[PDB]
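Quick heads-up: the structure tokens below are two forms of one chain, split into structure 1 and structure 2.
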Structure 1
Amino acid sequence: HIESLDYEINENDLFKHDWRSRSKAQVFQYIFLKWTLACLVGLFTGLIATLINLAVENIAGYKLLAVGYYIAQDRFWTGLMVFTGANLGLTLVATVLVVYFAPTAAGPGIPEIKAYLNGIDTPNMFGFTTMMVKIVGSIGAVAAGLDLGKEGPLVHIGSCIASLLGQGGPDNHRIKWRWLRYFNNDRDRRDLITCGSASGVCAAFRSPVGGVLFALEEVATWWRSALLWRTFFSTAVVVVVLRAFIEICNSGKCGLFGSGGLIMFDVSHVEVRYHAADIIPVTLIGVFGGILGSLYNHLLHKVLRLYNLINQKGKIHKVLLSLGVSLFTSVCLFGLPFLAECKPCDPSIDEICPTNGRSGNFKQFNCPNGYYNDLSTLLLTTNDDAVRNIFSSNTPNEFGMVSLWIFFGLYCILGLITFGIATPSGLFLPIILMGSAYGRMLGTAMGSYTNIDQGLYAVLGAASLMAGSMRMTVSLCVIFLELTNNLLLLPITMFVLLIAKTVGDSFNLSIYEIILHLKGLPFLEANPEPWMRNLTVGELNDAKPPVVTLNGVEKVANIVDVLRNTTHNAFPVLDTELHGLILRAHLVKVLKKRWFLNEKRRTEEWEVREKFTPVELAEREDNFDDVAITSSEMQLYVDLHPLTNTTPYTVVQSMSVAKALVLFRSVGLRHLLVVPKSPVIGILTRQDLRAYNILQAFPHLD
């Protein structure tokens, strides 16, 4: 059972949850520190992605320089040992750091950021040790040549940066600044994780509006306009710190990092003129992007089920699974470009075709001079440099269809098997490389029957597999605009994203919906099901246990009955008069404070502010299993009146489940009371309004 998050506002001024109801210094202190924390989320995600890209380009660049040194001496067996050994060693570093120190840093974190911004309290997700294992595990596993990026891990790294900046450092290492007392809300934490995840998609692609639109469209359930401006400011500070550190280390000051433009996979030197002959391969790239994105979603759901059978078997088995996946990745990225025959160097293409090194197009791996290997252009590089080889402006029929089919089938296989291993893996770059493969294949199959470039058909195929897997339209359009710098490919990119989202929704759910189902996270979707308009929430509460209520002045003994014997996290406060909803955290707080009255007396509001500060009520640093309540003190009384949420959101008994789900998910509820049309008769949570748990208790509905 994962608990939800409390984003509702107790409108008593003992709690001071509304930030505008504070002092005029403290409104200014909140406004200054939330824009400072948006600037610091931008500065720290930009600096960490600078250090991640510097370490990945230096380690994988010097590995491929050593591998190409043994390749250029025609020693192809000991260049396989250097490639397989450095990739096994970097995956061994990333996997002993994940499975022995921070196992929630495995995967991208985006299905549990989208769980957390929907209001599910996902444990161990945003920590310091989770952040540092994800930093050096992306530094290990992207430089180990694997089919993953540092793109999705940066979304988890930026939201981990945001939670440590908001709470003030690591847990039991926090500074006790009094100005960080206003970000102890769950609804101010949700703003921070939204700005940090948007800064992570901006640090992924050098994409500052597509980070804002990935948060809006995917991960954030609730959106204000006052968040979008700080989310905007966080992504602006990221891409400024990123492109300033591509402006520095331009003259080779930082090793092999920075030899490259400000714009990642910049294709912008081509004309995009729309013709009526290219309607048919553009919708074919959309239809095959939705079909292969649905097939990738179904086969990754099956692969992550069989990898969850390995992930429960032990912690040495996750090491051996990912080292076997990394051994398979390095053997098939080294040995498979021997199957491609060397194409000769085309004089119609502008730039230099006899090219050896660590990066660049037209690799010269097992060929004579004046020839190039078109498979080792893509397999024996980094995964980001292989995108720009497929994405190349004005290289017509560079890759053959056999080498494109080998690179497609390999990155289908490595797209399935490298996602579910226990490194910080991701889904932006493998789905980009699979879509690049079939998009360049459909561009090469129309040999001089089209006027769109084959490297532009690659961008259309990559955006179609990203729409066919993730079912997104607006966020990946600004992501592929801020990657590829083509403003005229943008409406054709819009058409292939919409065709692949609609062909993809015919078969599967989204790929973030699939891992949210597979991790068991209780996600609450937007539109209710049409059979929830026929079920009532009075009928939903008769299929439930009765309401564990409290009084206004309870005894201590009944409060420890509802705290020992129940697992519920809010309780209605009664007495013939519903007062509201007290929380479990405030019940453990009044047991730990020992604010115990000898008579049934409603206290005044000077007796509560002497016992409870607004920083005392917001702290969740209480456990129930330390309080030794003496049995003389169990016949004393606690006034539960001033700690009650005296205005909770209610529904009537005659309210339907579809309208109650709409109020539960629009205003951000954790507990919705049910009153009659006994002043309370029911209480609805997220578990009662998810459609799967309704269809357990009511199988006769659709």
Structure 2
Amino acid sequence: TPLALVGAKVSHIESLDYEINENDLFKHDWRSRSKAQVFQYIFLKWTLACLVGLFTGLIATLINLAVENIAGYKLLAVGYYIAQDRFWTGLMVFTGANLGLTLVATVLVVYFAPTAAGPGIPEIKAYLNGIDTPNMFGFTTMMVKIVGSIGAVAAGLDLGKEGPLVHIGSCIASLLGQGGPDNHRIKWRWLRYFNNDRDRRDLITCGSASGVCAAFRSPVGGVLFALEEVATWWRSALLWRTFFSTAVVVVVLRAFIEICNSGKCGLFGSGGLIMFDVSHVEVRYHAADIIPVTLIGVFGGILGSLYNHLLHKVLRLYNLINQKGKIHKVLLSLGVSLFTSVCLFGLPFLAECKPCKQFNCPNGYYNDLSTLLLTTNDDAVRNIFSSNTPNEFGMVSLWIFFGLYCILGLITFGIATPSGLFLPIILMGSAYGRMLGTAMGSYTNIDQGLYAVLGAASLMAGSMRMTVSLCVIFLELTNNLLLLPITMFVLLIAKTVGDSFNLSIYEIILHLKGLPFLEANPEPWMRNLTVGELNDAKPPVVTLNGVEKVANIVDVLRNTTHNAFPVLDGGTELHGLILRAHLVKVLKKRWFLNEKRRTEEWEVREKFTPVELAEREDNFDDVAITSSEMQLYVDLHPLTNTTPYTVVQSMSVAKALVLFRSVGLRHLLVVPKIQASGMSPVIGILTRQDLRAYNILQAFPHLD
């Protein structure tokens, strides 16, 4: 089924073309170019990687600067009325401003760019696997994701800018490889080297890693994020261009931190999670700390699996509300923001007052819950992470904080709004961490702010099951490399306890959206099934001849939806594989022949250049062919990929899947091993759909 979910939009799903056509007409290998053209490609490779890091760091500062200025002046308006002891007018100002900011973010998503809803990371993970996710990296998708995240984080919703920044950096990288938006591209001739799926995969890998770095000021952990979780294929040359892009981001981030520390960015200059200045120094290896630190890792895998189980149920319910229309998506976002505003305002009435933010109880008494609930989310993280504050938060007020963001983490992820998953899990993980550090009390020497850092890392390993990128991200946030063995100890337990119950949250969202992700290892029942038994449960192969009539090319373009056709002669010779995108091009160019001649090498080079062969902005329904041209002939030999990858009929599905994913294929031919004369030289085409364990188990149900 070529139908899946992209963002919040049901769409048509194809695959990407990573395979190289080795004909010199196409010029797919950059090593076959001139010596001057290689230096142009190398210089533009490293200029694009610098501009990706420069623009991701510049946009992340502007999102950081606008959110705390909108939410900073919004709390002054609510603070203006609570000083006059008017709590009922301060509630409506707080709820009304949060409803208007959520309305701006959610109307831009549903009515202008529905793929800008969510974090966008499970669709970049699908795109770098080879799945052509449409409307993902446009210019209007990026602008809605930027403005819809400023309106959502400043509205006090339980979400972060951490997730959307990974998609913004991937959108910047895709727009720089084309020369701008899709109908406003500059036609600079040097940009023709990047009009292929092999180079767009390299660009979006640097762009998604710059967004992880812009979210956490972590230039090493951003490269380890894309290497471990997001990207499928990797080499050491891509590893060094990616690491260059993330170091430009921390140059831009640290240069604008020095400016916004000198008070010239306003009175709300000093930003959020990247402005984290608490290093936990001289952690003391006391032997009685084995019991609480192991319980941090055990509770992170238990709560991380329970959060994955309940979010999988909430997102199934939200898919029913989303299919009721576009006005039902807007009411779901405003209903969450209404419930969030009355719970972030009404719940500090139930807290206790500790003796000397003053809220609802007179002077000499400050509210420990209004410190966390009535602030921004990135400032509430730094209060729980704070060191040398041994009993700043009571045990009762931390249970209310933990129980609220357990509820707000479930209902905010999935609304038609640019959402995130890092900051809801950090807020939920730091709450039970400092609860377990306060409950130990005097029987431990680990700081209670360090228990909150270890708790936020454990809930993220229990939910997302990434571990080596999470270690370096939490080491570059705290700026303490001596915290590695105690951080890696709780990521070990939380991933182990978490993997024993269910899958990661990114495998669940990829399964809910129906995106055909190809996993690295085959199932053990795939080794007992062969490729030739898989071709008997599917219709026969639609092939073309080497010199083909125009009416046969038009017939396979109207009556089928396949994108590759084997090229035969009709003993008979298998020439290779021609794509659908090249069959439309010869019908649009009208490179037609009178007789059944096979042309020469100079005939195709007058009609086609390597630039127009790489373009994909063609459509078959605009091509009008009369019956005078339906009897002519097209020579398909200069446009056929004459070296496709093949398997034999007795090859297993397990080893064909390993070949399909290691090389990065879209189509895999099946040739006969029977070796007889008068045989068809191709008996199957395998695609991504045929080699998925979800689809094989429905046409062969007796294998599980």
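Sequence positions of structure 1, starting at 1, serve as the residue numbers. Each form is matched to the other, and the largest set of C-alpha atoms that superpose within 1.5 Å is called the rigid core.
With the two forms fitted on their core, the C-alpha shifts between the two structures stay under 2 Å for all of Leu216, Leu518, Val615, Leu262 except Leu262. In the core-superposed comparison between the two structures, the C-alpha atom of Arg75 has shifted by at least 2 angstroms.
After superposition on the rigid core, displacement of the C-alpha of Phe126 between the two structures stays below 2 Å. Shown in the overlay between the two structures, fitted on the rigid core, is a CA shift at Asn172 smaller than 2 Å.
Here the rigid core is superposed, and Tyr438 then shows its C-alpha moved by 0.9 angstrom between the two structures.
Once the rigid core is matched between the two structures, the CA atom of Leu65 is found 2.6 Å away. Aligning the rigid core between the two structures leaves the CA of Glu604 offset by 1.5 Å.
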